Amino acid sequence: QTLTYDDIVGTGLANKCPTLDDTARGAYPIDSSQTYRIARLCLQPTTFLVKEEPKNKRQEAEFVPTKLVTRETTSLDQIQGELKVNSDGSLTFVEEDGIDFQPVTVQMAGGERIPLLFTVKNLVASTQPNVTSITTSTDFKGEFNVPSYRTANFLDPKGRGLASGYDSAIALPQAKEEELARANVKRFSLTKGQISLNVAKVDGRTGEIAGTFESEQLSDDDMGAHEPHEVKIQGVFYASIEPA
Amino acid sequence: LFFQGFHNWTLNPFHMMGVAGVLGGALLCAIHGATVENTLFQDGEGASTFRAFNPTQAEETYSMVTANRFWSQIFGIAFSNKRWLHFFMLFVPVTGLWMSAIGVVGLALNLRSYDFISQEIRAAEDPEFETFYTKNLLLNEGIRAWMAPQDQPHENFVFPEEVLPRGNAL
Amino acid sequence: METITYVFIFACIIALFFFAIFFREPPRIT
Amino acid sequence: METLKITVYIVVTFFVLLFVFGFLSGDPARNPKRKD
Amino acid sequence: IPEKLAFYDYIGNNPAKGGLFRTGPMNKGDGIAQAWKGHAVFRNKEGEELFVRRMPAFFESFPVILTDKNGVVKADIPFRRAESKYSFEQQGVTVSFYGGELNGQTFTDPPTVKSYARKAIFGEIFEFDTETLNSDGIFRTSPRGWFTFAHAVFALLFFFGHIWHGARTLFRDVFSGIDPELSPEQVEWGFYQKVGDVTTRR
Amino acid sequence: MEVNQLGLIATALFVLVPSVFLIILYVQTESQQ
Amino acid sequence: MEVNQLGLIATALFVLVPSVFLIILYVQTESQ
Amino acid sequence: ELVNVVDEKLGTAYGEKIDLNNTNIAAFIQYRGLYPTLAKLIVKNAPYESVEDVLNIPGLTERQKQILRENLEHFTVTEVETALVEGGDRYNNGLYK
Amino acid sequence: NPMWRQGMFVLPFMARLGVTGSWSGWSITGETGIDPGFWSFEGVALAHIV
Amino acid sequence: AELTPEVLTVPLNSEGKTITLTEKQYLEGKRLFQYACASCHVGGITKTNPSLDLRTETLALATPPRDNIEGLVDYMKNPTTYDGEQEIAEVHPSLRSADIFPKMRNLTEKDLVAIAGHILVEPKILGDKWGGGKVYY
Amino acid sequence: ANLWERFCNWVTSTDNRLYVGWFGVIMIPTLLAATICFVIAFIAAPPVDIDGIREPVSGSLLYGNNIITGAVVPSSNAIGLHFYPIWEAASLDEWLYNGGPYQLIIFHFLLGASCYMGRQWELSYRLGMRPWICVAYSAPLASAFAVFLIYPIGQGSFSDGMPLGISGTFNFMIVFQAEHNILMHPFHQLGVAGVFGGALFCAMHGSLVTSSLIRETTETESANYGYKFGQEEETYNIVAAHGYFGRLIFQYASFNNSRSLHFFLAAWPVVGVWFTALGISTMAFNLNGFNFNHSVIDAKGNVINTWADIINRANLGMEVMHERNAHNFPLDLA
Ligand SMILES: CCCCCCCCCCCCCCCCCC(=O)OC[C@H](CO[C@@H]1O[C@H](CO[C@H]2O[C@H](CO)[C@H](O)[C@H](O)[C@H]2O)[C@H](O)[C@H](O)[C@H]1O)OC(=O)CCCCCCCCCCCCCCCCC
Ligand code: CLA
Ligand code: CLA
Ligand code: CLA
Ligand SMILES: CC(C)=CCC/C(C)=C/CC/C(C)=C/CC/C(C)=C/CC/C(C)=C/CC/C(C)=C/CC/C(C)=C/CC/C(C)=C/CC/C(C)=C/CC1=CC(=O)C(C)=C(C)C1=O
Ligand SMILES: CCCCCCCCCCCCCCCC(=O)OC[C@H](COP(=O)(O)OC[C@@H](O)CO)OC(=O)CCCCCCCCCCCCCCC
Ligand code: HEC
Ligand SMILES: CC1=C(/C=C/C(C)=C/C=C/C(C)=C/C=C/C=C(C)/C=C/C=C(C)/C=C/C2=C(C)CCCC2(C)C)C(C)(C)CCC1
Ligand code: OEY
Ligand SMILES: [Cl-]
Ligand SMILES: [Cl-]
Ligand SMILES: [Fe+2]
């Protein structure tokens, strides 16, 4: 009785992670002898917050809300990885593969577009020790990598890039170039982000779980052009476990 | 294509005035021929309206009054003076060619309207700033480097592959 | 100031249109 | 948004039926020479 | 070498490098020339002397290609980096200056070397004062450029004046319109042996 | 945008001077009639 | 001198605009 | 201090040899017996501490360990340049013909 | 950097009487991401032009 | 210049034997190449995998070597990956696979010679353009 | 005197300074809507991700554009040919990023412009005129349909319809030549012939009539005041004009029938522009201009280049640079 592509196409439900019945308050137990992989991890954002820059010092600006403008293009899904048991009984998911990045641009008040690479690339996420079962109180905390929003071939609007393109401001042939080093030399940033996944629904029969996540990372820095903004993302998630 | 890649001739206001005169002429040509043909008097009995002209007749062969009312109500303004009308058909295409002649004279000297300085300063400093003006110069840059060695053989241009401007994949 | 200039000239044109049509010299027969 | 959509649908349909019924009201007869 | 002579050997003084709406004096573009920097000599890592292909007047932008006395490309500044064989970094290009403000100095670090390579395409290499007039860095044409342009344009415009006023001299009797009692016999064919001469009726 | 400052006076005069000439001649035309 | 550069356009229209008004009124007087 | 890391890597061994940690997979066609099978394997198990580390790739048939030896002299390893490995650019770097 | 420091003449008269936010999502009270409906600074301006 | 024996002379096998095509064979093979191959191999590139081309120096480095008639005719019968490690008749037109590539059916053995003849002679006339791509059009 | 009949009589009245008509009932609202959206967007719209690669292109004046560079940018490639009214966006902000204004403007303009043509038929009926002025207008209307609708349909995306601005126009016609070799297409060549021809004949006809004005004025007055609106007599001498042009060339190459001459003036630019609009419409399905790249080779088989091959080198430079970040695979098949 699964839905069919043609039932889904054009509805928006393709951007939506699967849901667990509001009755599924079980637990999944962990045989340290057996191994386990996460067959499918689906991360569905619902809220996008950006840290303001408060000009002065002791004020520390707030996380402010934003409007999404890139439409229903935001979900990570089909992610998979090892699920290990450590000495002290924690588990650790290690990402491997999956559609583990989506570009997103949100808009602050006043019109500033903030683009970002929402991602869990290379994610490693562990639990407390002495789990022995995945329950409606298990918490997964971890960190992932945030590569550069644009990759190396990306040519800016004057033809300038890192692995391709011009190295100078060719329309200003005898301008002094020391002014333009920031804009002429492209950089490939690589930063970390942090995620927390909270389990709140568990089907003991099927191995599926679901719940909420919060992650923090940096926005696009336009290959060194400017400075990044800090970004907090909230949403929901779904994952399915198998005895690999 | 040479004048697009090297002179950016489409951006030159003396060419733009040429375009408005050539196309304006063609407009005027079609619209005046079609107006006359559909404001004709019925001077013969048969369905071919051509037979019913006589080269020597003093009487006009279409109605300037019904033409003027038609266009006043479709378009808001219309000709009322047949001499001004036909003189305007002379004036419009003649002048546009004259304006483009002037522009090409500038280009004899590489005096192009190639750039808008304000645009270049911003785009140099602001890599998120893109317009159709910047996109078209990339294309001009493509044309120059790809056609020049073959098109100017006497310059022995040798452009190894690595120096050619190319976007991704293409 | 560029923007103000561009749009002021454009707006003058639209007003000329208005007077050219409704306040035209009215063609008089013969 | 849903309010706007209805509004536009309504406005359009209105002008369309104006058009269909405008021409269904003896348009061949609105000419200066011969009327039927 | 006197600086006055080396300054002539630089494309920013080429009148054919300007633009119709790049206004003002040449100094508004590259700045006020202060000092000849010296004549740049490029050597690859094998110590061959390399020669920057100079930019022709036609080209707003031009690539950086170094060659040997025989004309053979040995280095360049590549656009696509992934398959590049001639890069200054691979070929260990260096720049040494002889004469001028920089006489006797060699630079090896590839970004400095390239930067002078970018100027060599313009010919000899000068230091300019860009702040004093807030120079935008874009070549203007010289008074040679402006005088030629204006006089060529006027000359052509005046040809139409010649035509107009000349027409009006030979045809003044019809300026206001042809004769209303012109008969179609003067104008139809075969009527007069000679065209317009009424004394030649057959 | 860093734009030529005389652009404004140039555009303003480019319009006002020829436009005023035409108006002067129209208005002293109406007063004849 | 570091002067106000909108001063030129201000002086310019200050002169031209009221000046134009008066010329218009004088000529259409002379022609009736 | 604002370097273009790709240029600056053209002035290491990366600019003269196939760099087992950074070079795109299509370079493995310049020497024989290396593409596609071994090249695939070299890249998945990147990066490498030294050039000879490729002989310890698990699964290699003695024929394959022979071809790699025949070509140890055309390899190098430099530090991984993120800009060259991110985006899966070692399988497809935007360059065709 | 309030409005009176920036040379604003008419902005404080719209604000005097209840108009305080913009279709861009800001409000002169400092509050970010806000929805004012039509009677924002922009709509007031638009309506004087109609 | 013209189509002479030297240029029409190509290697037969790796031993270094040679064979000299007739002009007739050259035009024959050019024709068959357009009919069976150019939809992917115009100009000596490979549109569906540009990393592998028909330049003689690429063929020489293929396993087995393919800069000769024998190697080329074998490839049209039983094509392999560039290293030789897997047969690929399933995704590359071949006689071994002519059931599923119907054009390869009416090709006779001499037809294959002419095709292989063309591939090896053309680089000698066009030089860099053969397998160069758009940069040399 | 019934309320509907009286409305119908206003709509179709020959007495309104501007004629309305049943066609005018659709045209007025759709043109006012396209017009107002365009004027607002040109001045103030934020940048648009035309090519769907999250690389927005600034088109309006307030974002650093001038009269020459500004445009209302076409809608995102990500939308392709999907309908995208305002009510399908989560918000105006989304709608603006993805280029909704362009769709709104073009659909309303195409409609109102269609009804414009029909309105020309209509008033011609109400005034007792012949009917075909509108046939003449269909040549430009067909042109607008080809670049705003037909071309996008066949390439699969409105991102590839013609931008609404001066430099965007040139961008559209540069990319077009790289992808279609339109100069080497015979229907564009007939457009140039239609368009050059039209300017030529306009100047000819204008100069021939002007040359043969009958003297009705003094030197101190405009010749134009020799015609009075609605006078019954012609205001120039057509046989004196035929007399001059027959001899400038030869007799039979000159019209002495003003009906054929004016019909000729109408047919030439109309027909040629039909063809060149058909040229854009068939190149929408990628039936491209003649391709003679390498059509000439020597006895050995060297390529001997012609001007076609030079053209192609420049087409190549257009090809490899356009939309420089948007292609991941080696052929630009759309
Ligand atoms: C000449 C002769 C012919 C006659 C002439 C007739 C004269 C009439 C002239 C028409 C004048 C129209 C003026 C243009 C209107 C466009 C205004 C707009 O689009 O304004 C709409 C405003 C704009 O909303 C805000 O629009 C904003 C857009 O921001 C943008 O704009 C900002 C500054 O503008 C910043 O730049 C920012 O960065 C940028 O993103 C944000 O997205 C906000 O979220 C959003 O609230 O919406 C609102 O709340 C307003 C109400 C809509 C809310 C939803 C309710 C739906 C109501 C249905 C409307 C029916 C219409 C009536 C028809 C009925 C017929 C009987
Ligand atoms: C909408 C598109 C458009 C339009 C309408 C025009 C219109 C024009 N262009 Mg531009 N052009 C465009 C797009 C367009 N252009 C683009 C996109 C580019 C790329 C940059 C160009 C590049 C371009 C160049 C490079 C030039 C123009 C020129 C011109 C003008 C041509 C004048 C003319 O009549 O020449 C026709 C030629 C003549 C009238 C000269 C003499 C003709 C004699 C009398 C011919 C006699 C023939 C003889 C009797 C025998 C005939 C028989 C024979 C064939 C066998 C005209 C103003 C030209 C110009 O500006 O001129 C100064 C010019 O050189 N255009
Ligand atoms: C032949 C005449 C001539 C020539 C060649 C020059 C040349 C020069 N002058 Mg001098 N100048 C002249 C006349 C001339 N001037 C006159 C008459 C004046 C008094 C108005 C001046 C006032 C003057 C000043 C105040 C300055 C110069 C300066 C300069 C230099 C830079 C000029 C520049 O940027 O060009 C810019 C040229 C253009 C932007 C082209 C303008 C042409 C327009 C666009 C054409 C109009 C088209 C028309 C409307 C089309 C419609 C026609 C259709 C409807 C029928 C250069 C050496 C400058 C300098 O560096 O001195 C230190 C400087 O500051 N000049
Ligand atoms: C001298 C060289 C030359 C010449 C003469 C031309 C001539 C032409 N070109 Mg070519 N072209 C050239 C060079 C040249 N081109 C080059 C170098 C290239 C490659 C870079 C091209 C690429 C090219 C393309 C890609 C296209 C052309 C098109 C055309 C035609 C444009 C005129 C037209 O479409 O009318 C058609 C008429 C219209 C578009 C008018 C529409 C009018 C609407 C209905 C009303 C508008 C209302 C308005 C907005 C408001 C008015 C109201 C007022 C109150 C404001 C014409 C035949 C175009 C074409 O064929 O289109 C069919 C086209 O798309 N050319
Ligand atoms: C919000 C903002 C600011 C938006 C800005 C939008 C935008 C981008 C605008 C850009 C504006 C822009 C830059 C435009 C520039 C155009 C430009 C290049 C200008 C040309 C300049 C110029 C002087 C060039 C020289 C050539 C020249 C003289 C051409 C003139 C063209 C012209 C006016 C031709 C006539 C066309 C016209 C439609 C006439 C129709 C005549 C008509 C009423 C005929 C009807 C008729 C026919 C009959 O037969 C009879 C018998 C009767 C009786 C009769 O009535
Ligand atoms: C609802 C549908 C109606 C659509 C509304 C659009 C109306 C706009 C039409 C023009 C009004 C202004 C004409 C003024 C001038 C005017 O009043 O002319 C009136 C004039 C009347 O000519 P007559 O023959 O009466 O004059 C002869 C003697 O009186 C003069 O010596 O018209 C002509 O000369 C026709 C040629 C002008 C055609 C020029 C049209 C170009 C206009 C468009 C260009 C605008 C570009 C702007 C860029 C933003
Ligand atoms: C597309 C459908 C093709 C057609 C038709 C033909 N070939 Fe091809 N060829 C194609 C591909 C994708 C490949 C790569 C194979 C791989 O290794 O993965 C090839 C390869 C060749 C080669 C080898 C070139 C080399 O550098 O080693 C040759 C010699 C070759 N193909 C020849 C060839 C001939 C003669 C064809 C017509 C009869 C032909 N191919 C058709 C794709 C396609
Ligand atoms: C104050 C101010 C300012 C200034 C401003 C100005 C400069 C103004 C202008 C204004 C303008 C300049 C105005 C305009 C006007 C116009 C008009 C208002 C128009 C009209 C038109 C119309 C009404 C139309 C009509 C029609 C119709 C209805 C139908 C069809 C036809 C036509 C189209 C004709 C500034 C900004 C600096 C600042 C702030 C304040
Ligand atoms: O021509 Mn080239 O092809 Ca028709 O798409 Mn593929 O690239 Mn892109 O979007 Mn506009 O442009
Ligand atoms: Cl582009
Ligand atoms: Cl692609
Ligand atoms: Fe006429």
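Here is the naming used below: chain letters follow the sequence lines, and residue numbers restart at 1 for every chain. These values consider heavy atoms only, across backbone and side chains, with no hydrogens, waters or symmetry-generated copies.
- Across K:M321 and B:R166, no two heavy atoms sit closer than the pair SD-N, 3.5 Å.
- Side-chain atoms of B:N136 and K:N171 form a donor-acceptor pair, as typed in the model, at a separation below 3.5 Å.
- Counting all heavy atoms, side chain and backbone alike, K:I238 lies closest to B:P55 at CG2-O, 3.0 Å.
- The residues B:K135 and K:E323 are annotated as not salt-bridged, no charged nitrogen and carboxylate oxygen being separated by less than 4.0 angstrom.
- Using a 4.0 Å cut-off between charged nitrogen and carboxylate oxygen, K:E221 and B:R83 do not count as a salt-bridge pair.
- If you measure heavy-atom distances from B:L139 to chain K, the contacts under 4.5 Å come from both the backbone and the side chain.
- Aromatic ring centroids of B:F70 and K:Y19 lie 6.0 Å or more apart.
- Heavy-atom distances place no part of K:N312 under 4.5 Å from chain B, backbone and side chain included.
- Rounding to the nearest 0.5 angstrom, the gap separating the CZ atom in B:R122 from the OH atom in K:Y63 is 10.5 Å.
- Contact of B:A52 with chain K is made through backbone and side chain together, with heavy-atom distances under 4.5 Å.
- Interface remark: B:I74 contributes backbone and side-chain atoms alike to the contact with chain K (heavy atom separation under 4.5 Å).
- Taking each heavy atom of B:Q73 and K:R119 in turn, the nearest pair found is O-NH2, 2.7 Å.
- When the candidates K:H205, K:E233, K:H242 are compared by the number of heavy-atom contacts under 4.5 Å with chain B, K:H205 comes out ahead.
- No hydrogens or angles considered: nothing links the side chains of B:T39 and K:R130 as a donor-acceptor pair under 3.5 Å.
- Annotation: side chain of B:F132 is not in contact with side chain of K:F172 (no heavy-atom distance under 4.5 Å).
- Contact record, K:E319 with B:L170: O-CD1, 3.6 Å, taken as the closest heavy-atom pair.
- Between atom CG of residue K:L123 and atom CH2 of residue B:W71 there is a gap of 10.0 Å, rounded to the nearest 0.5 Å.
- Ring pair B:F50/K:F263 is perpendicular by interplanar angle, where above 60° counts as perpendicular and below 30° as parallel.
- Heavy atoms closer than 4.5 Å to chain K are found in both the backbone and the side chain of B:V65.
- Interface residue K:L183: only side-chain heavy atoms are found under 4.5 Å from chain B.
- Per-residue counts of heavy-atom pairs under 4.5 Å with chain B were compared for K:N256, K:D309, K:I133, K:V273; the largest is that of K:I133.
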